[PDB]
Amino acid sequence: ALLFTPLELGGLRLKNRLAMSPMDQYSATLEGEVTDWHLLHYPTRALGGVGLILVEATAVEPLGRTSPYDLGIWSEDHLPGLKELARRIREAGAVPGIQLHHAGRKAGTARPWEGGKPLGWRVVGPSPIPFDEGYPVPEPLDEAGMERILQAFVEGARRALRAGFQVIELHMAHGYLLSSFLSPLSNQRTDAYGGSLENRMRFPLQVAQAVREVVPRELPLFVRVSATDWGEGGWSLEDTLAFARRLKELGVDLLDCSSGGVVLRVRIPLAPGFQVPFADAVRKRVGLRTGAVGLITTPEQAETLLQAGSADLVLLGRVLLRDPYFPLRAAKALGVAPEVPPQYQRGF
């Protein structure tokens, strides 16, 4: 069973091919600090049996936050909390990783269970187009603003390494800053950073290159992309192949294949495995390693997409909110006798 066979990335060996997908908990302090909520939530899933845990979207500067309760990494005073989080993930059995983030024109909304309405922050983006009705008009970035945010990504990554995280993922998806540079639905610039495909990829590729130079080759660097935006005349799978080629040449280890989130009024053909063909096409047509994600909920499903060569890694989100010990029971269901804490041996 490939699902419970070790995976080599960079200098590491993950004990299996399951990972916890990044999932915002909206439970940090007002200064972006780790709380008791995170120190229970994450190590529960590490005991649950994933080889790799990708911690939720973490903001590289305060205006990069999705909400006033997002995690942050813009300050040296975030280091004690983040270091404690990574340490507890590791001791529960998993490799700790983290996603680095800037919300862009979608920054500064309320929590999902408090209505989720825009709070009127002075948000930034490529072009002055609001995300939707009620949303603030983003301020277009000049070249000095781009450089500032780029430096924040480079410093954010060094600080993640100092805290003990061994996988770094760049969030270039779901309509947030770098995703909004890629799609023509949000980017209508007429300078060097808009118009052509090459122009639209420019700022996202500069961020990737600069972070790669500060992360040693032993530790993997991931990128998450929306493979398509589902909108007519928007970002396509073919664009994703061109972008993946350029990431491969810069030394990116793996492309994490998601979709959607750029615009709001689009039809999405939701079904088990609906994003797997995007992971399959990059891996087979470019030769870059991939992560598959999107309504993956059973052991046999995840095993089969690996056997088909569609991805190297399987990412799980929602199933782990309602069933954190899924990977231990999945192993048993595929005829592998799982490694469990000795305290729970009579439970299996």
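Quick note: we count residues from 1 along the sequence shown, nothing fancier.
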key: Higher-B stretch (mean Cα B-factor, as the entry records it), 91-99 or 228-236   = 228-236
note = As the entry reports it, the stretch among 77-85 and 133-141 with higher mean C-alpha B factor is 133-141
inquiry  = Can you tell me which of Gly175, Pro277, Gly115, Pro220 has the maximum CA B-factor listed in the PDB entry?
reply    = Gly115
remark   = Of the residues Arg289, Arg318, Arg285, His41, the one whose Cα carries the largest B-factor in the deposited record is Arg285
message = Among the modelled residues of this chain, does the Cα B factor of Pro204 put it in the lowest, middle or highest third?
response = middle
ask   = When the modelled residues of the chain are sorted by Cα temperature factor, does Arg212 land in the lowest, middle or highest third?
value = middle
remark   = In terms of its chain's C-alpha B-factors, the third that includes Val154 is the middle
query = Mind checking which third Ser259 falls in for C-alpha B-factor across the chain?
reply = lowest
Third of the chain, ranked by Cα B-factor, where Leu14 sits = middle
